[PDB]
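J.: Pasting an experimental structure, sequence included:
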Amino acid sequence: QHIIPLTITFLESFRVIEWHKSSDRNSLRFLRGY
RNA sequence: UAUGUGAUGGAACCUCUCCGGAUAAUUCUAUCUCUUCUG
């Protein structure tokens, strides 16, 4: 197979969602911020 | 650490309301100090 590397260089900041359980991955807190 | 024919989340102002305020002449006279030995 062939591998094509990619790089993403952020500039200022970005948003991160927190960890959720497998059974609770369809809540409002997960759908928003997906 | 995703799973793939489908992600406007850049898709949302911690915004709004509240006298560091009130009262006071930089003025002025009565003592202080305890053990003395027969008196």
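T.: Received it, and whenever you're ready, just let me know what you need. Residues are numbered from 1 along each chain as shown, chains lettered A, B, ... in the order given.
J.: which residues touch stretch A:6-26?
T.: For stretch A:6-26, contacts defined as CB atoms under 8 Å, 6 or more residues apart in numbering pick out A:27, A:29-30, A:33-34. (Each C-beta comes from the backbone N, C-alpha and C, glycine too.)
J.: could you redo the last one with a cut-off of 6 Å?
T.: Identification of contacts with stretch A:6-26 by CB atoms under 6 Å, 6 or more residues apart in numbering yields A:30, A:33.
J.: next one: it to chain centre, how far?
T.: 3 Å (CA atoms, centre = their mean, to the nearest Å).
J.: so how far is the first residue of that stretch from its last?
T.: Stretch A:6-26 stretches 30 Å from its first residue to its last (CA to CA, to the nearest Å).
J.: Would you mark the buried spots in it?
T.: In terms of neighbour count (16 or more other CB atoms under 10 Å), stretch A:6-26 has no buried residues at all.
J.: Tell me how far the closest residue to residue A:33 other than its chain neighbours lies from RNA strand B.
T.: Counting by CB to CB, 6 or more residues apart in numbering, residue A:33 lies nearest to residue A:17, which is 4.6 Å off, once chain neighbours are set aside. Distance, residue A:17 to RNA strand B, using CB to the nearest atom of the strand, to the nearest Å: 10 Å.
J.: Next one: residue A:17 relative to residue A:4, how far apart?
T.: Residue A:17 is 28 Å from residue A:4, where distance means CB to CB, to the nearest Å.
J.: Three-state assignment for the residue nearest to residue A:33, please.
T.: Three-state assignment for residue A:17 (DSSP: H, G, I helix; E, B strand; the rest coil): coil.
J.: With residue A:29 instead?
T.: Going by three-state DSSP: residue A:29 is helix.
J.: so how far is RNA strand B from it?
T.: Going from residue A:29 to RNA strand B by CB to the nearest atom of the strand gives 10 Å.
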